Protein chains: 2
Amino acid sequence: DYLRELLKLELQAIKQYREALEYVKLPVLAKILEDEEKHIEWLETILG
Amino acid sequence: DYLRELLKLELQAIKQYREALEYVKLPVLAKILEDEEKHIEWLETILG
Ligand SMILES: [Mn+2]
Ligand SMILES: [Mn+2]
């Protein structure tokens, strides 16, 4: 639930990085996004 | 500044994952933390 606080936290970071990537096409950003996508898998795996 | 919103966002995620790792010693968590540490480098590099 602390694990649910974490997943929403990632879920927000991906919304904002996506958007960040929307206007500033910077490779470093697609990569951070890659990782946050994996963060999300891993937490939803540990949960439900 | 959108890049500053991102860094605080990571800076918080590392506070909470550290803490999350404090009580539930789960390897997946030290690894997420590893990545967030790198997220932070990369953004402070792009900034100041
Ligand atoms: Mn993450
Ligand atoms: Mn991150």
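Proteins get letters first, then strands, A, B, ... in listed order; numbering begins at 1 in each. Counting starts at 1 for both ligands and their atoms, in listed order. No hydrogens, no waters, no symmetry mates; every other heavy atom, side chains included, goes into these values.
Every salt bridge (charged side-chain N to carboxylate O under 4.0 Å, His left out) that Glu19(B) has, sequence neighbours left out, goes to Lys15(B). By the side chain to side chain contact (heavy atoms under 4.5 Å, CB included) test, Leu47(A) pairs with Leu3(A), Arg4(A), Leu7(A), sequence neighbours left out. Applying the salt bridge (charged side-chain N to carboxylate O under 4.0 Å, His left out) rule to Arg18(A) yields the partners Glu37(A); only residues at least two apart in sequence or on another chain are considered.
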Checklist line | Verdict with supporting geometry, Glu10(A) and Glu36(B), side-chain contact (heavy atoms from CB on, under 4.5 Å) | finding: CA-CA 11 Å; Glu10(A) 295 283 344; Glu36(B) 307 317 10; 3.0 Å; yes
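Residues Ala20(A) and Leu6(B) share a closest heavy-atom pair of CB-CD2, 3.7 Å.
Using the six-membered ring where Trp is involved, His39(A) and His39(B) have ring planes that are parallel, under 30° apart on the 30 and 60° scheme.
Protein N/O/S atoms closer than 2.8 Å to the Mn ion (ligand 2), listed by chain and residue number, are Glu36(A) OE2, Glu10(B) OE1, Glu10(B) OE2, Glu36(B) OE1, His39(B) ND1.
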